[PDB]
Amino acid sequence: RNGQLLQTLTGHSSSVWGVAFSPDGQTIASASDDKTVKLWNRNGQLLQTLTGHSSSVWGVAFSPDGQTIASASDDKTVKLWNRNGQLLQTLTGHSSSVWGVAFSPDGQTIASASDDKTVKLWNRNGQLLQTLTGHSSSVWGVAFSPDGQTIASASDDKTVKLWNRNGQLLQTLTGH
């Protein structure tokens, strides 16, 4: 199934988060060079353009059911979109570029990874639930455990950290 967590546990600072494939494998989403996210099918047919961010989009993810898309931007926000292109929510609270984003397995929680050295957890109504503090540099990747109760973050500080939903730091994995 989803390789985000393997990639966050073992991947490099340079791992690329601006392309995502839908869970059914039929749709590709790409953070494009024009402040949009574009969706296309495997034949190459353009399906949708997600317009709203005011600067570069760096991270994209699909919800586990494929119906919601999250985009992470240099504009310091995450935006949530329906696959028909409508903007559903803007998640405000990071203080710098947002590099990466992930959905929880149940689709109800969003995690974001920012240049501000934090991961933030959010619900779909756009409310901030938790801020995970401790990395000493920009956070480039984030993922959930398969049961959705542990969050993994990966940072330019060369560590991976494991956290629970109440913000407790469970483990730091060093040499990354």
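Numbering starts at 1 and runs along the sequence shown.
Higher mean CA B-factor, judged across 66-74 and 24-32 from the recorded values: 24-32.
With 110-118 and 140-148 compared on mean CA B-factor from the PDB entry, the stretch scoring higher is 140-148.
The entry lists a Cα temperature factor for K38 that places it in the lowest third of the chain's modelled residues. Ranked by Cα temperature factor within the chain, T8 sits in the middle third according to the deposited record.
In this PDB entry, the Cα temperature factor of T90 sits in the middle third of its chain's modelled residues.
When the modelled residues of the chain are ordered by C-alpha B-factor, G126 sits in the highest third.
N82: CA B factor in the highest third of modelled residues in this chain (values from the PDB entry).
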